[PDB]
Amino acid sequence: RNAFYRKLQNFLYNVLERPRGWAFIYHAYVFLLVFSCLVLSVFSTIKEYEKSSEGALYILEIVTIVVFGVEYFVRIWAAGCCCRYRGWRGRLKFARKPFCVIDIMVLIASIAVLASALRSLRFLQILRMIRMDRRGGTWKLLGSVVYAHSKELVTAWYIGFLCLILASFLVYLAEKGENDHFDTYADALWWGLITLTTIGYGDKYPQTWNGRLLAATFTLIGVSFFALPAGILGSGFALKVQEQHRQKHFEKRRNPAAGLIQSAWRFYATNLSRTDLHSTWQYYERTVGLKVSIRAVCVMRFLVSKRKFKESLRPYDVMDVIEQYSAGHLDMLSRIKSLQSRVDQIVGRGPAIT
Amino acid sequence: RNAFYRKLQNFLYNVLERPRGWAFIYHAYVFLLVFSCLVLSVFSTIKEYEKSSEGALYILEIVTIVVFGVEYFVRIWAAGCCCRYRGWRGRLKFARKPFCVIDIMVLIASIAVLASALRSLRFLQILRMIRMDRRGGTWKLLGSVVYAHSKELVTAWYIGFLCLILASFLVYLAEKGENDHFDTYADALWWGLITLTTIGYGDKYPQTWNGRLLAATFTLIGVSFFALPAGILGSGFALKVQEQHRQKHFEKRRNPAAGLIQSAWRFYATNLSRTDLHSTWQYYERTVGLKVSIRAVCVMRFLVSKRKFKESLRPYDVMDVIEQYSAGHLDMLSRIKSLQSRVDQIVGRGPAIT
Amino acid sequence: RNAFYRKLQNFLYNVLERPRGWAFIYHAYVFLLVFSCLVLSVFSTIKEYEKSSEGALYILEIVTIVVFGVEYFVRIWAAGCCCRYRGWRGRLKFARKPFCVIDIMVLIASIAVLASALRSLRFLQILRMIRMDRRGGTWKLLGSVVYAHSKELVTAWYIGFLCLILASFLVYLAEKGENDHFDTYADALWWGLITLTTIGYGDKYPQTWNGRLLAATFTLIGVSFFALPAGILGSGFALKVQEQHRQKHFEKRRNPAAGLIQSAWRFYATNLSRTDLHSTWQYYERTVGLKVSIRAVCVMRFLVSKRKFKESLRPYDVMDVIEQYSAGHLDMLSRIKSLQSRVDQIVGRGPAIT
Amino acid sequence: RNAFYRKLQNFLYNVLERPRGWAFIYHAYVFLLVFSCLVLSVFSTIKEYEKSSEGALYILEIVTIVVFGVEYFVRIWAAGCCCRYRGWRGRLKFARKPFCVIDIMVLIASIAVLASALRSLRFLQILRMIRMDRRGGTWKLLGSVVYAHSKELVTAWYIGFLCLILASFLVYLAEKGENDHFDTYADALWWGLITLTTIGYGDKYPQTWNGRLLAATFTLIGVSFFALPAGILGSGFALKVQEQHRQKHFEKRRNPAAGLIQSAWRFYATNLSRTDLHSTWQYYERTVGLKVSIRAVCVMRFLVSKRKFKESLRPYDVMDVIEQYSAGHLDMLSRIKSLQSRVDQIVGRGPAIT
Amino acid sequence: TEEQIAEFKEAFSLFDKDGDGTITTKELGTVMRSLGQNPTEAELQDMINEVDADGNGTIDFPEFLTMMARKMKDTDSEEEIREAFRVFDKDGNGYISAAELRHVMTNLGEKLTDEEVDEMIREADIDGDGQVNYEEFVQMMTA
Amino acid sequence: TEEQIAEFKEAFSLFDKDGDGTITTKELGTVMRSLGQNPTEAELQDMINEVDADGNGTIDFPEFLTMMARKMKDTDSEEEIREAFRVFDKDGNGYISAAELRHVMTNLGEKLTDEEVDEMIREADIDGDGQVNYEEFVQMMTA
Amino acid sequence: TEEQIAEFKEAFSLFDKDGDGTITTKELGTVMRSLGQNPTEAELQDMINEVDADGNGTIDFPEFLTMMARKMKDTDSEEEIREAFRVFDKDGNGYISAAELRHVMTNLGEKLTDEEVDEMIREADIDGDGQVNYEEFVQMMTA
Amino acid sequence: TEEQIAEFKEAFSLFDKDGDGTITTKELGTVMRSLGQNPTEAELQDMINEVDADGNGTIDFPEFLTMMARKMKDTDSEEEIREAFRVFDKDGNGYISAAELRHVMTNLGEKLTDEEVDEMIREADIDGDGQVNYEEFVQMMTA
Ligand SMILES: CCOC(=O)Nc1ccc(NCc2ccc(F)cc2)cc1N
Ligand SMILES: CCOC(=O)Nc1ccc(NCc2ccc(F)cc2)cc1N
């Protein structure tokens with residue numbers, strides 16, 4: 001079982017950890033559990049139905065704390081998947097993660113109330129869904145795009161601010177007395193923001209057609225300006241994902257290059273005189289004529305990996321025309337090298353016939 | 001007529017089937033028929049005018065069921081256009097399509113009520129317009145773009161969710177007692193969603209200026225965040241269509257390549273010794289010195305197709321600079337090959353004068 | 001004056017006609033005239049101020065009809081700028097343009113009422129601003145982008161339609177009796193459209209929290225879907241304008257190529273034996289040893305234009321690397337041609353020393 | 001201290017002036033000061049809290065005028081950082097900037113009222129935040145994108161205008177008598193604009209289902225059209241920033257080229273005979289065998305800078321394939337030059353053995 | 001061979017409808033209709049062009065016999081046809097399925113018959129897995 | 001020919017206004033105005049430059065006679081002018097209509113007269129369909 | 001050397017399981033399992049292919065001794081492996097940290113042991129700063 | 001010249017602080033501080049590297065005299081420096097204004113003094129319009 005012991009720990013934790021296949025299946029579903037738990041937590045917030053609300057909601061609360069307490073422990077052991085952490089030191093060392101500690105804090109509070117907590121109970125389920133991330137790559141991705149677009153965004157934000165301030169103030173002095181709505185500058189600022197975002201509550205508006213003629217321009221500007229940063233950041237994502245697709249072809253290229261050099265040093269360490277190079281010999285003797293056989297084993301695996309890295313990059317539009325460039329150019333070079341050979345034999349028979 | 005019989009079946013079904021010319025003309029118009037039928041089906045839902053509504057609506061219902069029942073049959077026979085389906089087996093075999101079976105199911109229900117069905121009648125006309133697709137390429141195209149943008153979308157969705165939850169809860173505790181509007185957390189959540197989407201019904205809003213100061217920030221964030229995924233997917237389509245335009249030039253290139261190899265094997269099968277290669281001989285003898293003539297027929301058509309594929313790709317910006325690359329580089333190669341010939345004659349007269 | 005007569009006609013009509021410099025100055029200003037005329041035409045639609053409204057509005061009406069009647073005539077004569085139209089036939093021939101005829105029709109109606117017409121008066125000023133285009137390139141540009149994006153748009157339109165229909169119908173059966181608002185399916189459809197476009201009038205909404213839970217999802221989908229085609233077409237323009245910028249560099253390249261061949265045939269027609277080539281000789285003799293001088297005149301202008309077209313294209317990123325490609329590649333070719341010369345002299349002295 | 005005197009003036013003014021590191025830190029914070037001052041200036045506009053509002057607001061007003069008066073002076077002296085301005089003439093010359101003069105004007109008014117000014121006080125704080133720019137690069141960036149997109153924008157603006165006019169007028173004649181809302185064409189135009197921008201105040205709407213059928217189409221068009229220019233300009237920024245990223249790699253390339261030629265002329269001016277070239281000699285003798293040493297000093301710094309500019313451009317996708325182009329092509333050229341040497345020696349021994 | 005020469009003269013007279021000693025374009029369209037096809041006149045032109053040594057607009061018996069005596073290995077289109085194979089093997093891994101081959105040979109260019117594509121795969125599939133290695137097949141056909 | 005030499009000396013003295021033995025730029029602008037055109041001074045400069053063998057700023061009679069004796073087939077711009085033909089045949093198929101040729105020759109560069117463009121197409125259209133094959137026309141003109 | 005020849009014959013018979021005189025693929029997978037690895041059959045094939053001089057599908061002792069006698073400087077992959085070094089030194093400045101080397105050698109390709117990567121850096125770091133200059137290391141290994 | 005040799009030995013001993021016969025990096029930083037500059041040690045290294053014939057880490061008097069005897073036309077960087085001129089003439093038309101030259105020479109790289117850039121333009125502007133033709137100036141300096 002120990003073979004399966006480490007197999008399941010490693011592979012199933014990599015699923016549990018950063019996955020690539022179908023780990024989001026489990027993760028989206030446990031998401032659904034805790035999230036729907038939250039929803040029915042709000043379902044208790046309907047007095048007409050809150051009774052049955054709690055009636056099933058405490059059911060779901062039991063389910064939730066069970067799910068994430070066991071997730072705590074099982075992620076612990078499955079983290080035996082990690083080479084650098086195996087046993088006492090490693091897993092009694094890595095537990096001091098802030099994500100982990102807030103995990104156990106909220107979870108022990110969960111079992112405590114699972115041993116009038118409605119509000120903070122909402123907060124802890126909140127922290128569960130927050131726990132979905134573990135990496136902040138959301139914020140990382142965002143701030144990247146933002147800083148990438150910093151001067152554009154500041155442009156929009158500034159000019160929109162000015163339209164808001166100006167037009168609001170103007171109409172405040174446009175319907176100062178004809179409407180109880182617009183009676184303080186605080187009033188108008190509420191109106192300006194509620195308007196320029198195209199929300200349109202309706203609880204205020206101008207009636208003096210002069211004031212209406214004020215808004216009936218500054219709206220045309222501001223509302224679009226407020227609509228910009230959504231549109232900008234939306235594209236900004238789109239552009240980023242396209243170009244990253246292209247580069248993705250290269251990282252595919254990179255891993256075969258990424259491994260061939262491994263076999264390269266695996267070749268160099270194979271000298272019988274290089275007993276100081278005990279790295280691969282101990283790797284083999286631990287994975288254990290035959291030793292020179294093992295030399296040929298690793299070194300020949302290096303040679304085959306050599307052609308492997310030769311195919312590390314397959315295509316890419318500019319790199320693909322790099323390759324077709326390679327075709328015509330290198331075929332030419334083959335031909336020129338031939339002509340080199342021709343001139344070389346002629347240089348040899350220069351003395352041969354003289 | 002049998003020549004016209006199969007001609008009309010084949011070509012007019014390809015119109016009826018996946019078209020490229022002007023088949024959408026007929027298809028949009030029959031769309032208009034069934035759709036306007038639906039509209040007047042709602043026109044029966046105005047009591048002031050529902051009487052005349054049904055008065056003409058049953059007219060349109062007759063028209064509709066006629067149209068699609070005949071479409072069922074005529075698509076059947078026109079599907080004699082299909083090589084793999086010709087007669088008993090083929091067309092008595094392909095009818096088991098789910099699109100086809102739901103077609104006949106809804107249609108036989110149509111003639112049944114065309115022999116108090118208002119609600120499900122609406123449903124079956126619904127299924128007609130659903131029947132417009134036959135391929136789900138709508139959903140296919142969508143999910144492609146979505147999965148392509150998965151991490152971006154999840155970013156937006158998550159952070160927008162958090163703004164919604166937080167700001168709604170806050171203002172709920174910001175105007176807890178000053179407004180009958182905001183009286184349960186269910187209340188606020190209705191308000192949050194109705195607001196952050198910039199709908200602005202108006203039936204709720206904050207009046208305590210402290211609460212207004214709450215919303216007057218979280219709106220500025222959330223409303224844009226909710227506005228993102230529209231903007232993202234809009235571009236995502238735009239980018240996809242541009243790059244697919246470029247590749248479209250290549251598929252134009254690809255079909256002439258796509259056919260020349262056909263004539264290539266058409267050449268190889270032309271050996272009189274290759275009687276085992278009875279493919280083209282039976283193709284000709286079924287389409288029927290003269291047989292060696294037919295050899296030259298197919299084989300020479302292959303040679304002309306050889307230059308045809310030589311022109312398979314005409315231009316493309318990177319491929320076009322590939323071609324101009326070909327011009328200068330290959331002209332150089334012509335020149336180097338000349339110099340090869342020069343060195344070769346010199347290598348020949350090395351012995352000639354020695 | 002006749003020199004200035006045709007000079008002013010030609011150049012000032014090209015301003016009046018398709019311009020490139022500062023003709024939009026005049027055109028935007030006459031736009032302002034007629035447009036502000038329209039606005040005050042609405043200003044008559046305020047009974048509190050309509051009296052003074054007409055008081056100055058008829059002022060502006062006089063101005064408008066004056067402006068465009070004189071524009072009719074002056075565009076006529078300035079169209080003497082056109083080579084193909086000069087005098088009786090040409091300008092008594094081109095007047096039959098539909099733009100021109102609707103021009104004179106609306107304008108003669110204008111002077112007729114300028115010799116209770118409020119409504120159609122609005123219509124004719126309308127047709128004036130419509131007259132701003134003369135080319136429909138608005139519609140042309142639009143339909144281009146649309147057809148370019150056809151399948152994307154149909155995707156969005158279809159799926160949005162389905163959300164509208166489904167969610168509206170559902171909530172209609174979700175608050176069928178609890179609200180006088182939602183009392184006919186016509187009611188809901190009004191509500192669905194007013195909502196999914198994020199307009200939010202407020203005059204309807206769900207109160208049964210079950211019905212609110214219906215909308216509180218289908219909104220999240222539909223409103224974004226309805227927000228797509230704006231975002232798509234917005235980018236679609238943006239992408240189009242970028243790529244057209246790049247190609248613009250080439251058309252700059254193209255005109256010098258576009259003229260050098262002119263001088264090319266100008267060279268060929270210069271043979272004294274080519275008296276049949278009376279084209280340039282009559283061009284010169286009409287623009288009038290000296291005739292062989294004129295030969296050298298046109299032919300040498302061709303040669304200088306030859307280097308002119310040599311500089312027809314200056315740069316372009318891919319074309320610019322085409323040029324730097326030209327630098328290294330052609331320098332190499334210069335060097336290979338040298339080596340050609342070397343092998344050629346060696347081939348000559350092969351016999352010289354043998 | 002004079003060394004530190006000019007050091008602090010120069011570097012800390014470049015921070016104060018166009019920065020690249022962390023000057024926005026100070027600038028955003030002083031922004032926060034003046035801006036929050038503005039906010040509490042509005043805080044005086046709440047009668048329930050205006051008393052304490054002024055109570056702390058005059059505190060902040062003292063802070064603000066202090067901040068920007070000292071900013072005036074300290075920017076003056078720190079502008080001793082500027083080479084062209086050092087002492088009497090320079091700093092008594094540059095002060096006549098319009099930004100500077102409006103600065104001192106508003107600021108002296110500030111200290112004047114800091115020696116019933118609420119409204120214009122708001123205006124002067126306004127001008128402070130306006131003072132944040134100093135360059136108008138906001139407007140510059142905007143107008144660039146706008147003119148870049150001019151014809152697209154005019155397309156959208158025009159067609160949206162037409163939808164607004166037409167649909168508004170129609171519904172005005174669609175519910176002319178059934179609603180007190182729609183009673184003048186001015187009424188409808190207010191409704192059209194409030195609608196097509198998706199604001200949806202709610203204070204007007206159609207009830208005659210015929211009129212509702214009018215709006216329930218022209219909305220579907222217009223609202224998207226009004227939503228375009230936001231989406232367009234949003235992308236327009238995004239595209240601009242991407243392509244400018246690429247070019248940014250080149251300006252990085254450009255500065256090392258930008259300096260090597262400096263050392264180039266620094267070499268040429270080093271001739272002892274070129275005493276007329278007293279530029280570098282006086283630069284050194286002012287920065288002061290040894291003079292020929294200084295020759296080698298500057299000239300050798302030129303040579304090292306020569307390889308520096310050789311590395312001026314490091315990579316760029318097309319330029320990077322330019323470089324890999326350089327690799328294969330130039331390696332080929334090395335090889336061809338070798339073959340040149342071969343033919344040259346053969347041309348030399350042509351006579352040697354003949 | 002002399003019998004090859006006789007069969008080629010026989011076929012030439014077959015295309016040599018009017019017996020002038022060359023095969024004009026009209027006899028070519030004629031014989032194509034006799035075989036059953038409607039070749040466009042520019043089509044018969046290019047056939048002459050790649051058969052017409054002199055370029056006279058007719059296929060003389062000289063050009064006839066030269067074509068009839070030449071083999072596929074006498075055509076010089078190796079890497080060309082290999083790229084033309086590469087298109088359908090979009091992955092470019094050397095093996096295109098008999099599936100894609102069969103399907104596209106049923107609906108692209110001059111699509112052949114079932115036995116036509118059948119012998120195509122049988123000669124193009126020699127190892128027996130349907131996956132049609134294409135560069136091997138061009139190597140086998142071009143030699 | 002000697003009569004060619006005489007006509008070229010005659011035209012040279014025509015440009016040789018001051019009779020110095022070379023054609024300076026001033027006589028060039030002078031003779032251009034005499035013909036009727038206003039050539040910019042840099043324009044006359046480049047004419048000298050491509051005529052001025054020595055590079056003196058004047059067109060000596062040596063350079064004059066050499067230009068006057070040289071033909072269009074003595075100019076070496078085949079593929080250049082062919083690309084310059086290609087631009088207007090945007091499709092690049094070898095045939096540009098007499099329509100596009102005529103129109104753009106009426107509104108591009110030194111647009112010619114009707115008979116100018118007319119003889120242009122008559123020499124550039126030799127088969128009689130208005131569609132002006134351009135590489136044939138450069139081949140015919142450049143030889 | 002003769003003792004080299006003897007050790008190579010010894011190892012060959014070790015791979016020469018059935019003793020036929022060549023090392024078929026089956027003995028290769030066998031000896032790989034004996035060493036402990038599960039090499040795919042195509043893997044053993046390519047090993048033969050780059051060892052199989054004749055191309056018979058087995059590694060004869062001729063091919064065995066030739067490989068066993070050849071050195072790393074007898075392999076001709078200088079700039080290849082240098083590019084393969086360049087990948088991990090993404091900056092391409094000649095120095096990759098022992099950090100990145102160690103980490104990726106722990107989680108890429110056939111990741112080695114700690115002492116394996118340790119000796120890797122010790123031979124690849126010769127100056128003693130962890131930053132592993134890679135072109136020096138290929139220069140040292142390839143000679 | 002012998003007096004050139006003497007001045008170069010004099011300057012060498014000036015850099016030859018310790019008098020060993022070569023100019024180590026320490027004397028180079030020393031003499032740079034004596035002149036007033038703070039050159040980084042890698043900077044003095046590259047100076048040696050492009051002066052150090054042997055590559056010893058010191059500038060022997062051999063390398064000293066060879067540099068001191070070599071001229072700018074003995075450096076082989078024509079098209080290099082011309083591209084480096086091209087950067088500031090962003091239009092690439094051969095003429096960069098004395099304005100852009102002066103300004104950027106005041107705020108780029110080792111910006112010089114007013115008379116430094118002044119003599120720069122005076123030698124780089126020889127026709128007298130401020131617009132500094134750059135390829136002429138490299139042609140004049142490099143010969
Ligand atoms: C493409 C279909 O249309 C949209 O995806 N639109 C949309 C969808 C969600 C959100 N917010 C995140 C959220 C998601 C689910 C929830 F239950 C609550 C919040 C915002 C927008 N604009
Ligand atoms: C970039 C600043 O913000 C906007 O340009 N927005 C915007 C501007 C105009 C329109 N409609 C056309 C129109 C223009 C003027 C008029 F007087 C009447 C109609 C729609 C939008 N969305």
# chains A, B, ... in the order shown; residues from 1 in each chain; ligands from 1
$ residues_near_ligand --ligand "ligand 2" --cutoff "10 Å" --atoms "only C-alpha atoms and all ligand atoms" --output "ChimeraX atom specification"
/A:160,216-228 /C:35,39 /D:142,146,153-165,193,196-197,222-234
$ write_last_selection --atoms "N, CA and C atoms" --output "tab-separated table (two decimals), in the first residue's frame"
chain	number	residue	atom	x	y	z
A	160	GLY	N	-13.80	62.60	-16.11
A	160	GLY	CA	-15.13	62.30	-15.62
A	160	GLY	C	-15.44	63.04	-14.34
A	216	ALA	N	-28.79	68.00	-20.26
A	216	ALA	CA	-28.94	67.36	-21.56
A	216	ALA	C	-27.78	67.57	-22.43
A	217	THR	N	-26.70	68.09	-21.89
A	217	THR	CA	-25.40	67.99	-22.54
A	217	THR	C	-24.41	67.24	-21.67
A	218	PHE	N	-24.28	67.64	-20.42
A	218	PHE	CA	-23.20	67.07	-19.62
A	218	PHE	C	-23.43	65.60	-19.38
A	219	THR	N	-24.67	65.14	-19.44
A	219	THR	CA	-24.92	63.70	-19.49
A	219	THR	C	-24.24	63.08	-20.70
A	220	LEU	N	-24.46	63.65	-21.88
A	220	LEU	CA	-23.93	63.05	-23.10
A	220	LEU	C	-22.44	62.83	-22.99
A	221	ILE	N	-21.74	63.70	-22.28
A	221	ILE	CA	-20.32	63.49	-22.06
A	221	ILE	C	-20.09	62.50	-20.93
A	222	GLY	N	-20.49	62.88	-19.73
A	222	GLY	CA	-20.08	62.15	-18.55
A	222	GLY	C	-20.45	60.68	-18.59
A	223	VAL	N	-21.67	60.37	-19.02
A	223	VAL	CA	-22.11	58.99	-18.91
A	223	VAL	C	-21.20	58.09	-19.72
A	224	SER	N	-20.78	58.55	-20.89
A	224	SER	CA	-19.82	57.77	-21.67
A	224	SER	C	-18.49	57.69	-20.94
A	225	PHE	N	-18.05	58.81	-20.37
A	225	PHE	CA	-16.77	58.79	-19.67
A	225	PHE	C	-16.80	57.79	-18.53
A	226	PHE	N	-17.87	57.79	-17.75
A	226	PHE	CA	-17.99	56.79	-16.69
A	226	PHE	C	-18.09	55.39	-17.27
A	227	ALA	N	-18.56	55.26	-18.51
A	227	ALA	CA	-18.64	53.95	-19.12
A	227	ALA	C	-17.30	53.48	-19.68
A	228	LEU	N	-16.30	54.36	-19.72
A	228	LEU	CA	-15.02	53.96	-20.33
A	228	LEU	C	-14.32	52.86	-19.54
C	35	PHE	N	-28.65	73.09	-38.17
C	35	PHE	CA	-28.99	72.30	-36.99
C	35	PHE	C	-29.60	73.17	-35.91
C	39	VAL	N	-33.10	73.21	-33.88
C	39	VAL	CA	-33.29	73.28	-32.44
C	39	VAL	C	-34.31	74.34	-32.09
D	142	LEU	N	-6.49	62.51	-25.30
D	142	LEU	CA	-7.86	62.34	-25.76
D	142	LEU	C	-8.00	62.73	-27.22
D	146	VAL	N	-9.31	60.68	-30.45
D	146	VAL	CA	-10.53	61.12	-31.11
D	146	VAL	C	-10.28	61.33	-32.59
D	153	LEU	N	-16.46	57.78	-35.03
D	153	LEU	CA	-17.28	58.50	-34.06
D	153	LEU	C	-18.39	59.26	-34.75
D	154	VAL	N	-18.07	59.96	-35.84
D	154	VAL	CA	-19.10	60.71	-36.54
D	154	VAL	C	-20.18	59.78	-37.05
D	155	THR	N	-19.80	58.58	-37.49
D	155	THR	CA	-20.80	57.60	-37.89
D	155	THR	C	-21.77	57.33	-36.75
D	156	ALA	N	-21.23	56.94	-35.60
D	156	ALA	CA	-22.09	56.62	-34.47
D	156	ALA	C	-22.95	57.81	-34.08
D	157	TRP	N	-22.32	58.97	-33.92
D	157	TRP	CA	-23.05	60.16	-33.48
D	157	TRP	C	-24.19	60.47	-34.42
D	158	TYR	N	-23.93	60.43	-35.72
D	158	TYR	CA	-24.97	60.77	-36.68
D	158	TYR	C	-26.14	59.80	-36.57
D	159	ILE	N	-25.87	58.50	-36.69
D	159	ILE	CA	-26.97	57.55	-36.76
D	159	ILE	C	-27.74	57.52	-35.45
D	160	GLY	N	-27.04	57.68	-34.32
D	160	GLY	CA	-27.74	57.77	-33.06
D	160	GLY	C	-28.66	58.98	-33.01
D	161	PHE	N	-28.17	60.11	-33.49
D	161	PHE	CA	-29.01	61.30	-33.57
D	161	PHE	C	-30.28	61.02	-34.33
D	162	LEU	N	-30.16	60.35	-35.47
D	162	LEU	CA	-31.34	60.11	-36.29
D	162	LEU	C	-32.34	59.22	-35.58
D	163	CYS	N	-31.86	58.17	-34.91
D	163	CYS	CA	-32.77	57.32	-34.15
D	163	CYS	C	-33.47	58.12	-33.07
D	164	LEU	N	-32.71	58.93	-32.33
D	164	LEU	CA	-33.30	59.77	-31.30
D	164	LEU	C	-34.42	60.62	-31.87
D	165	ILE	N	-34.09	61.41	-32.89
D	165	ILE	CA	-35.08	62.31	-33.46
D	165	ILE	C	-36.30	61.53	-33.92
D	193	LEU	N	-33.93	61.37	-24.77
D	193	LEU	CA	-32.56	61.39	-24.29
D	193	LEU	C	-32.45	60.65	-22.97
D	196	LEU	N	-32.66	56.73	-24.22
D	196	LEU	CA	-31.66	56.11	-25.08
D	196	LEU	C	-30.31	56.00	-24.40
D	197	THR	N	-30.07	56.78	-23.36
D	197	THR	CA	-28.89	56.60	-22.55
D	197	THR	C	-29.09	55.57	-21.46
D	222	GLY	N	-31.17	52.43	-30.68
D	222	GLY	CA	-30.50	53.62	-30.19
D	222	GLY	C	-29.65	53.37	-28.96
D	223	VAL	N	-30.16	52.61	-28.00
D	223	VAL	CA	-29.43	52.49	-26.75
D	223	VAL	C	-28.06	51.89	-27.00
D	224	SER	N	-27.98	50.91	-27.90
D	224	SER	CA	-26.68	50.37	-28.25
D	224	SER	C	-25.84	51.42	-28.96
D	225	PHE	N	-26.45	52.16	-29.87
D	225	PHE	CA	-25.70	53.18	-30.59
D	225	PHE	C	-25.10	54.19	-29.62
D	226	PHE	N	-25.90	54.66	-28.67
D	226	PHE	CA	-25.37	55.56	-27.66
D	226	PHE	C	-24.31	54.87	-26.81
D	227	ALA	N	-24.37	53.55	-26.70
D	227	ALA	CA	-23.36	52.84	-25.93
D	227	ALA	C	-22.08	52.63	-26.70
D	228	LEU	N	-22.06	52.93	-28.01
D	228	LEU	CA	-20.86	52.66	-28.80
D	228	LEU	C	-19.68	53.52	-28.37
D	229	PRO	N	-19.75	54.85	-28.46
D	229	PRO	CA	-18.52	55.64	-28.36
D	229	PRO	C	-17.75	55.41	-27.08
D	230	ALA	N	-18.43	55.09	-25.98
D	230	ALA	CA	-17.71	54.58	-24.83
D	230	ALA	C	-16.87	53.37	-25.20
D	231	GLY	N	-17.50	52.36	-25.79
D	231	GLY	CA	-16.78	51.13	-26.09
D	231	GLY	C	-15.66	51.35	-27.09
D	232	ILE	N	-15.90	52.16	-28.11
D	232	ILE	CA	-14.86	52.47	-29.07
D	232	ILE	C	-13.66	53.09	-28.36
D	233	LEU	N	-13.87	54.22	-27.70
D	233	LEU	CA	-12.72	54.90	-27.12
D	233	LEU	C	-12.03	54.04	-26.08
D	234	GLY	N	-12.78	53.18	-25.40
D	234	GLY	CA	-12.14	52.29	-24.45
D	234	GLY	C	-11.13	51.38	-25.12
$ interface_residues --of "chain B" --to "chain C" --cutoff "6 Å" --atoms "only C-alpha atoms" --output "list in words"
residues 138, 198, 199, 200, 201, 202, 230, 231, 234, 235 and 238 of chain B
$ write_last_selection --atoms "C-alpha atoms" --output "PDB file, in the first residue's frame"
ATOM      1  CA  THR B 138     -24.175  29.270 -31.279  1.00  0.00           C
ATOM      2  CA  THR B 198     -27.468  50.143 -13.564  1.00  0.00           C
ATOM      3  CA  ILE B 199     -31.143  49.290 -13.944  1.00  0.00           C
ATOM      4  CA  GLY B 200     -32.364  51.804 -11.401  1.00  0.00           C
ATOM      5  CA  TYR B 201     -36.004  50.966 -10.848  1.00  0.00           C
ATOM      6  CA  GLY B 202     -36.248  53.666  -8.204  1.00  0.00           C
ATOM      7  CA  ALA B 230     -20.205  42.228 -21.714  1.00  0.00           C
ATOM      8  CA  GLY B 231     -17.237  44.287 -22.864  1.00  0.00           C
ATOM      9  CA  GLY B 234     -17.655  41.636 -27.151  1.00  0.00           C
ATOM     10  CA  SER B 235     -13.991  42.132 -27.930  1.00  0.00           C
ATOM     11  CA  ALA B 238     -13.964  40.826 -32.452  1.00  0.00           C
TER      12      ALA B 238
END
$ interface_residues --of "chain H" --to "chain D" --cutoff "9 Å" --atoms "only C-alpha atoms" --output "ChimeraX atom specification"
/H:6-12,14-15,32,34-37,43,46-47,50-51,67-68,72,75,77,80-88,104-105,108-120,123-124,138,141-142
$ residues_around --residues "residue 129 (chain G)" --least-positions-apart "3" --cutoff "9 Å" --atoms "only C-alpha atoms" --output "PyMOL selection string"
chain G and resi 97-98+125-126+132
